[PDB]
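Residue numbering restarts at 1 for every chain, and letters A, B, ... go by the order of the sequence lines.
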There are 2 protein chains.
Amino acid sequence: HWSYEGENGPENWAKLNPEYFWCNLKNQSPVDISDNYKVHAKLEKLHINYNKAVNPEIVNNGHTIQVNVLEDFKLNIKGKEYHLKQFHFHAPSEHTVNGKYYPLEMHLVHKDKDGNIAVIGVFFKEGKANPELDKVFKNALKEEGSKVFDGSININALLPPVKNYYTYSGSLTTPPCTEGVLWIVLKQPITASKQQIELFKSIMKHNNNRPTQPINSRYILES
Amino acid sequence: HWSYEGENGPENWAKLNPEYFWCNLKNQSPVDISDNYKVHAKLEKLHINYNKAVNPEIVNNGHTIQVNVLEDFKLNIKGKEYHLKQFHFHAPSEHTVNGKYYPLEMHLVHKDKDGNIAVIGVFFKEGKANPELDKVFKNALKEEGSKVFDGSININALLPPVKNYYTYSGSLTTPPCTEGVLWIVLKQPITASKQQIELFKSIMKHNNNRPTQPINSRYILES
Ligand SMILES: CC(=O)Nc1nnc(S(N)(=O)=O)s1
Ligand SMILES: CC(=O)Nc1nnc(S(N)(=O)=O)s1
Ligand SMILES: [Zn+2]
Ligand SMILES: [Zn+2]
């Protein structure tokens, strides 16, 4: 089984299972979003409205706290119609901006009818507490397992008002590290209280962010 | 052995050898350079001066006619210092522009000190004959083999005056189809005479262009 340290750490994920060959390729995530290879461009506007997920499932799978939604929220971008499947968290953040780590990163995982994946990343900096985050972190089991949250979560409240973003072609950040992933990282971080961030970290017991990967021949676009 | 048709055709390259696993991944070349996923941006200017290659080696390797240069022509771009190694040809072209094929495409293959690859592609449309092309095609062996050209080739004469270009992250277009390749396709095609184009095609005996591949989560930048 893979982990974020030791023999089964990120550096040896590709050795754990034949299906993890992707982890050693040339278009991996996360990456350092650097001005060195970031270019500004007129990009498609992000149109999403994740109203609210009613009675979503909160899962502790040992590697993160994930929320599986029952609704069918659509993300239409780059000629595809992706459907939100779940969002989860990483602490510290996986992506960095000019070398800077944020204390928390949320990933909204979408998939289209053909299995294509798009992930929207949201950075969280310490500050005013976020209402929705308590619903997730305080109702997450401390041990591996799932639980149905008796209530609803306003996902829009887990997103910044302005949705300018960075985008690049990458991969899943945990085995099998499949590539061909469409990454959309919102430029504006929102806030989470120190207690919310520490609660998540204390549940995980360890950092669950994959080291940044070489950008190689890719450029990152910024809207 | 792989080919451009039959059992060993492009569709089954990945089955020929374990090392060809790349041919089935998510960041393959060539691609259709489509306005649907092409974005304009301020890109690094292309600074290259491939003066002339003296006594280069002309090789017919059965899949193309390739010219190996002895000089050390540098291509400095995207934070790397690539060195020109050789240029070769494909007929019809490999890349297309909004679905349009050109009769001929030239590839200038560069590699840096770490093995990183950058390929500059040049489209040729039928028209005024190109002086340099005769040096290559008329001196290429009709059967597999190499030969040293007794003369010099002005590579700059194989490039358009204006060097605006498209760029994207891709792969080699023949096995092993390694990814992480930096592609730079010059937007302006130059000309080759119908006879020059047919001479190359008659030597090859068959089309030697790989089918275009899915762009997947990549965008193509245009300077
Ligand atoms: C089952 C599933 O979604 N797996 C993922 N692996 N990595 C992901 S991430 N961090 O790139 O969003 S999602
Ligand atoms: C040895 C070598 O250079 N191999 C190549 N395979 N494909 C290439 S291409 N068409 O992408 O320039 S170069
Ligand atoms: Zn994630
Ligand atoms: Zn080629």
Side-chain angles (χ1 to χ4, degrees), chain A residues 2 10-33 37 63 75 77-80 82 85 88 90 94-95 105 107-121 165-185 209-221, chain B residues 10 13-14 18-32 37 78 115-117 119 167-173 175-183 210-221:
Chain A
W2 64 275
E11 282 58 53
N12 305 307
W13 283 349
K15 304 173 184 179
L16 304 178
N17 187 297
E19 308 165 312
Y20 299 175
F21 69 95
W22 301 93
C23 306
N24 288 169
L25 307 195
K26 308 288 188 181
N27 294 279
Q28 296 288 288
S29 296
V31 301
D32 174 42
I33 300 169
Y37 38 85
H63 307 301
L75 162 60
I77 193 171
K78 202 174 186 293
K80 295 197 198 299
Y82 299 94
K85 294 295 183 172
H88 59 268
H90 297 265
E94 298 214 292
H95 290 90
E105 185 171 335
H107 289 159
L108 289 150
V109 184
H110 314 66
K111 193 143 68 182
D112 76 358
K113 64 184 182 181
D114 298 311
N116 292 304
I117 301 173
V119 183
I120 293 178
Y165 61 96
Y166 307 107
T167 181
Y168 71 98
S169 184
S171 78
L172 295 177
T173 69
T174 66
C177 307
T178 315
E179 295 183 331
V181 175
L182 174 61
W183 275 94
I184 296 160
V185 179
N209 61 319
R210 182 191 189 186
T212 47
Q213 303 292 308
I215 193 63
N216 294 315
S217 61
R218 301 170 283 184
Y219 279 102
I220 295 175
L221 290 163
Chain B
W13 285 348
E19 309 165 313
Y20 299 174
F21 69 95
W22 301 94
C23 304
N24 287 169
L25 307 195
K26 309 288 191 181
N27 294 280
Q28 295 288 287
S29 295
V31 301
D32 174 40
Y37 40 84
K78 202 174 186 296
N116 292 306
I117 301 173
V119 182
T167 180
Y168 72 99
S169 183
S171 78
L172 296 177
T173 70
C177 306
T178 316
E179 295 182 334
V181 176
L182 174 62
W183 274 94
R210 182 193 190 185
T212 48
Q213 303 293 306
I215 193 63
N216 294 315
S217 61
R218 301 171 282 186
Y219 279 102
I220 295 176
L221 290 164

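Side-chain contact between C177(A) and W13(A) is present, with heavy atoms from C-beta onward closer than 4.5 Å. At least one side-chain heavy atom of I120(A) sits less than 4.5 Å from a side-chain heavy atom of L75(A). For the pair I215(B) and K78(A), the minimum side-chain heavy-atom distance is below 4.5 Å. Residues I220(A) and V31(A) have side chains in contact (heavy-atom distance under 4.5 Å, counting atoms from C-beta outward). Residues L25(A) and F21(B) form a side-chain contact, since some pair of their non-hydrogen atoms from C-beta on lies under 4.5 Å apart. Side-chain contact between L221(A) and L221(B) is present, with at least one heavy-atom pair separated by less than 4.5 Å. With contacts defined as side-chain heavy-atom distances shorter than 4.5 Å, the pair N116(A)/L182(A) does not qualify. Considering only heavy atoms from C-beta on, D32(A) comes within 4.5 Å of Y37(A) through its side chain.
Checking side-chain atoms of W183(B) against main-chain N and O of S171(B) turns up a donor-acceptor pair under 3.5 Å. Checked by atom type and distance alone, the side chain of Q213(A) never pairs as donor or acceptor with a backbone atom of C23(A) at under 3.5 Å. Looking only at distances, a side-chain donor or acceptor of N17(A) sits under 3.5 Å from a matching main-chain atom of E19(A). Checked by atom type and distance alone, the side chain of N27(B) never pairs as donor or acceptor with a backbone atom of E179(B) at under 3.5 Å. Of the possible polar contacts, none joining the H95(A) side chain to the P30(A) backbone as a donor-acceptor pair under 3.5 Å is found. The backbone N or O of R218(B) sits nowhere less than 3.5 Å from a side-chain atom of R218(A) that would complete a donor-acceptor pair. Remark: side-chain polar atoms of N216(B) are paired, donor with acceptor, to backbone N or O of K26(B) under 3.5 angstrom. Between the side chain of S217(A) and the backbone N or O of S169(B) there is no donor-acceptor pair closer than 3.5 Å.
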key: Residues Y168(A), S29(A); criterion side chain to side chain donor-acceptor pair (under 3.5 Å); working and verdict   = CA-CA 10 Å; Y168(A) 71 98; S29(A) 296; 2.8 Å; yes
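How far CD of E94(A) is from OG1 of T173(A): 3.5 Å, rounded to the nearest 0.5 Å.
Each of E105(A), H63(A), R210(A), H107(A) was checked for a side chain to side chain donor-acceptor pair (under 3.5 Å) with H90(A), and the lone residue meeting it is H107(A).
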